[PDB]
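Asker: What follows is protein.csv; its format and atoms are CSV, C-alpha atoms and all ligand atoms.
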```csv
chain,number,residue,atom,x,y,z
A,495,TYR,CA,35.0,-22.7,-7.8
A,496,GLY,CA,35.1,-26.0,-9.8
A,497,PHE,CA,31.7,-27.5,-8.7
A,498,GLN,CA,31.3,-31.0,-10.1
A,499,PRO,CA,28.7,-33.8,-9.4
A,500,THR,CA,31.6,-35.9,-8.1
A,501,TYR,CA,32.4,-33.4,-5.3
A,502,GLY,CA,32.2,-34.8,-1.8
A,503,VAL,CA,30.5,-33.5,1.3
A,504,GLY,CA,31.7,-30.0,2.1
A,505,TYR,CA,32.6,-29.3,-1.6
A,506,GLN,CA,29.2,-29.5,-3.4
A,507,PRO,CA,27.3,-26.4,-4.3
A,508,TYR,CA,24.9,-25.2,-1.6
A,509,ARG,CA,22.2,-22.6,-2.1
A,510,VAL,CA,21.9,-20.2,0.9
A,511,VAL,CA,19.2,-17.6,1.5
A,512,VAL,CA,19.4,-15.3,4.5
A,513,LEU,CA,16.4,-13.4,5.7
A,514,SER,CA,17.0,-10.2,7.7
A,515,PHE,CA,14.1,-8.3,9.3
A,516,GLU,CA,14.2,-4.5,9.8
A,517,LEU,CA,11.9,-2.7,12.2
A,518,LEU,CA,11.7,0.9,10.8
A,519,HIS,CA,9.2,3.3,12.4
A,520,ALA,CA,7.3,3.2,9.1
A,521,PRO,CA,4.1,1.2,9.4
A,522,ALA,CA,4.7,-2.6,9.3
A,523,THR,CA,3.2,-4.5,6.3
A,524,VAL,CA,5.0,-7.9,6.2
A,525,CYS,CA,3.2,-10.1,8.7
A,526,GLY,CA,2.0,-13.6,9.1
A,527,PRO,CA,-1.7,-14.3,9.1
A,528,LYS,CA,-3.9,-15.9,11.8
A,529,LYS,CA,-6.2,-18.8,11.1
A,530,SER,CA,-9.8,-17.5,11.0
A,531,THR,CA,-11.7,-20.5,12.4
A,532,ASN,CA,-15.4,-20.0,11.7
A,533,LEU,CA,-18.6,-18.3,12.8
A,534,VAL,CA,-21.4,-19.5,15.1
A,535,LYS,CA,-24.8,-17.9,15.6
A,536,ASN,CA,-27.3,-17.9,18.5
A,537,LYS,CA,-24.8,-18.8,21.2
A,538,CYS,CA,-23.3,-16.4,23.8
A,539,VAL,CA,-19.7,-16.5,22.5
A,540,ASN,CA,-16.8,-14.1,22.2
A,541,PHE,CA,-15.3,-12.8,19.0
A,542,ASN,CA,-12.3,-11.0,17.5
A,543,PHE,CA,-13.5,-9.6,14.2
B,199,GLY,CA,3.1,8.3,7.8
B,200,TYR,CA,-0.2,7.8,5.9
B,201,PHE,CA,-1.0,9.5,2.6
B,202,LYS,CA,-4.8,9.6,2.3
B,203,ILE,CA,-6.5,10.4,-1.0
B,204,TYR,CA,-10.3,11.0,-0.9
B,205,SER,CA,-12.2,11.6,-4.1
B,206,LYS,CA,-15.6,12.3,-5.6
B,207,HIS,CA,-17.1,13.1,-9.1
B,208,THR,CA,-20.4,14.8,-10.0
B,209,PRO,CA,-22.3,15.8,-13.1
B,210,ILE,CA,-22.3,19.6,-13.8
B,211,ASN,CA,-24.6,21.7,-15.9
B,212,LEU,CA,-23.7,25.2,-14.8
B,213,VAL,CA,-20.9,26.9,-16.8
B,214,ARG,CA,-18.1,28.2,-14.6
B,215,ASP,CA,-18.4,28.6,-10.8
B,216,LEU,CA,-18.6,26.0,-8.1
B,217,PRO,CA,-22.2,24.8,-7.7
B,218,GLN,CA,-24.2,25.8,-4.6
B,219,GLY,CA,-24.6,22.2,-3.5
B,220,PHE,CA,-23.4,19.6,-1.0
B,221,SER,CA,-21.9,16.2,-1.7
B,222,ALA,CA,-19.6,14.4,0.6
B,223,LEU,CA,-16.2,12.9,-0.4
B,224,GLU,CA,-15.7,9.2,-0.1
B,225,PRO,CA,-12.3,7.7,1.0
B,226,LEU,CA,-10.5,6.2,-1.9
B,227,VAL,CA,-6.9,5.2,-1.2
B,228,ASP,CA,-4.5,4.9,1.7
B,229,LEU,CA,-0.7,4.6,1.6
B,230,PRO,CA,1.3,3.6,4.8
B,231,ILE,CA,4.5,5.5,3.8
B,232,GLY,CA,6.3,8.5,5.1
B,233,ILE,CA,7.7,11.4,3.1
B,234,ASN,CA,8.1,15.1,4.0
B,235,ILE,CA,6.5,16.6,0.9
B,236,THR,CA,5.7,20.3,1.1
B,237,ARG,CA,5.3,21.5,-2.5
B,238,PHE,CA,3.0,20.0,-5.1
B,239,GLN,CA,2.7,20.8,-8.8
B,240,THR,CA,-0.1,19.8,-11.3
B,241,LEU,CA,0.5,18.2,-14.7
B,242,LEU,CA,-1.1,18.8,-18.1
B,243,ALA,CA,-1.6,17.3,-21.5
B,244,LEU,CA,-1.2,18.8,-24.9
B,245,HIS,CA,-1.4,17.9,-28.6
B,246,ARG,CA,1.9,18.0,-30.4
B,247,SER,CA,2.1,17.6,-34.2
C,1,LIG,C1,11.0,14.8,8.0
C,1,LIG,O1,11.4,13.5,7.9
C,1,LIG,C2,12.0,12.9,9.1
C,1,LIG,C3,12.5,11.6,8.8
C,1,LIG,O2,12.1,11.2,7.5
C,1,LIG,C4,10.9,12.9,10.2
C,1,LIG,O3,11.4,12.4,11.4
C,1,LIG,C5,12.4,13.1,12.2
C,1,LIG,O4,12.9,14.3,11.7
C,1,LIG,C6,13.7,15.0,12.6
C,1,LIG,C7,14.3,16.2,11.9
C,1,LIG,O5,15.3,16.8,12.6
C,1,LIG,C8,14.7,14.1,13.2
C,1,LIG,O6,14.4,13.8,14.6
C,1,LIG,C9,14.9,12.8,12.4
C,1,LIG,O7,15.4,13.1,11.2
C,1,LIG,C10,13.6,12.1,12.3
C,1,LIG,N1,13.4,11.1,13.4
C,1,LIG,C11,12.9,9.9,13.2
C,1,LIG,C12,12.7,9.1,14.4
C,1,LIG,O8,12.5,9.5,12.1
C,1,LIG,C13,10.3,14.3,10.4
C,1,LIG,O9,9.2,14.2,11.3
C,1,LIG,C14,9.8,14.9,9.0
C,1,LIG,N2,9.3,16.2,9.2
C,1,LIG,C15,8.3,16.7,8.5
C,1,LIG,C16,7.9,18.1,8.8
C,1,LIG,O10,7.6,16.0,7.7
C,2,LIG,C1,-20.0,13.3,-16.3
C,2,LIG,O1,-21.0,14.1,-16.9
C,2,LIG,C2,-21.9,13.4,-17.7
C,2,LIG,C3,-22.9,14.3,-18.4
C,2,LIG,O2,-22.4,15.7,-18.2
C,2,LIG,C4,-22.6,12.3,-16.8
C,2,LIG,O3,-23.5,11.5,-17.7
C,2,LIG,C5,-21.6,11.4,-16.1
C,2,LIG,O4,-22.3,10.6,-15.2
C,2,LIG,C6,-20.6,12.3,-15.4
C,2,LIG,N1,-19.6,11.4,-14.8
C,2,LIG,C7,-19.1,11.7,-13.5
C,2,LIG,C8,-18.1,10.7,-13.1
C,2,LIG,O5,-19.4,12.6,-12.9
```
Using structure tokens, write down the structure from this file.
Answerer:
Amino acid sequence: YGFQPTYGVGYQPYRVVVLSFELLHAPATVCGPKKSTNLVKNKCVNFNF
Amino acid sequence: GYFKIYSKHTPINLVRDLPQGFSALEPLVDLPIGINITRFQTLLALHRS
């Protein structure tokens, strides 16, 4: 290619990243976290430690 | 699919044989991977000069 700063729309360089997820039977390790909110004492509550 | 390595270390004063004592082994490292290993060797160190 001949990429130049004067190139118009559709001709300028564009950086592309493609993410593909694979689901092998091996244990999963790449996961998104969950927001741990806070702790409260002396009140009948429910918890997910 | 989990390689578990448990370890322990103790001080010894008797010369050769396994001491007649009891000491549990604490869990050290887990690996969530899967391989079909069936044979294991054991390495060594030497002085070369
Ligand atoms: C050996 O490894 C394979 C895969 O790494 C393990 O899983 C199955 O092995 C059998 C062998 O005929 C086949 O069904 C497939 O190759 C594998 N299936 C899947 C879903 O992975 C197998 O369990 C391992 N065996 C030992 C003794 O460790
Ligand atoms: C190894 O042995 C020495 C004395 O023999 C002792 O002081 C030390 O704590 C021991 N270390 C381990 C890890 O058992």
Asker: So, with only C-alpha atoms and all ligand atoms as the atoms that count, which of A:536, A:520, A:497, A:528 lies closest to ligand LIG 1 (chain C)?
Answerer: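 Ranked by minimum distance to ligand LIG 1 (chain C), first place goes to A:520.
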Asker: Please identify every residue of chain A that has at least one atom no farther than 9 Å from an atom of chain B, counting all atoms listed in the file, and for each give the shortest atom pair and the distance in Å to one decimal, arranged by chain then increasing number, as CSV.
Answerer:
```
residue,atom,partner,partner_atom,distance
A:520,CA,B:231,CA,6.4
A:521,CA,B:230,CA,5.9
A:522,CA,B:230,CA,8.4
A:523,CA,B:230,CA,8.5
```
Asker: Write out as number ranges by chain each polymer residue (protein, DNA or RNA) that has an atom no more than 12 Å from ligand LIG 2 (chain C), with only C-alpha atoms and all ligand atoms counted.
Answerer: B: 205-213
Asker: Within 7 Å of ligand LIG 1 (chain C), counting only C-alpha atoms and all ligand atoms, which protein or nucleic acid residues do you find, written as a list in words?
Answerer: residues 232, 233, 234 and 235 of chain B
Asker: Keeping only C-alpha atoms, write the selected residues to a file as a PDB file, in the coordinates of the input.
Answerer:
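Result went into part.pdb, see below:
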```
ATOM      1  CA  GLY B 232       6.300   8.500   5.100  1.00  0.00           C
ATOM      2  CA  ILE B 233       7.700  11.400   3.100  1.00  0.00           C
ATOM      3  CA  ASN B 234       8.100  15.100   4.000  1.00  0.00           C
ATOM      4  CA  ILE B 235       6.500  16.600   0.900  1.00  0.00           C
TER       5      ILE B 235
END
```
Asker: Anything within 9 Å of (-17.4, 13.2, -1.5): list those residues as a PyMOL selection string, counting all atoms listed in the file and sticking to the file's coordinates.
Answerer: chain B and resi 204-207+220-225
Asker: For residue A:498, please output as a list in words all residues within 9 Å (counting only C-alpha atoms; exclusion window: fewer than 5 positions along the same chain).
Answerer: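 In the requested form, the answer reads residues 505, 506 and 507 of chain A.
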Asker: Using Å and a single decimal, report how far atom CA of residue B:216 sits from atom CA of residue B:241.
Answerer: 21.7 Å
Asker: Between atom CA of residue B:202 and atom CA of residue B:226, measure the distance and give it in Å to one decimal.
Answerer: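 Separation of atom CA of residue B:202 and atom CA of residue B:226: 7.9 Å.
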Asker: Could you please determine the separation between atom CA of residue A:518 and atom CA of residue B:228 in Å, to one decimal place?
Answerer: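 It comes out at 19.0 Å.
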Asker: Can you list, as a ChimeraX atom specification, every protein, DNA or RNA residue that comes within 12 Å of residue A:531 when you count all atoms listed in the file, leaving out same-chain residues fewer than 4 positions away?
Answerer: /A:541-543
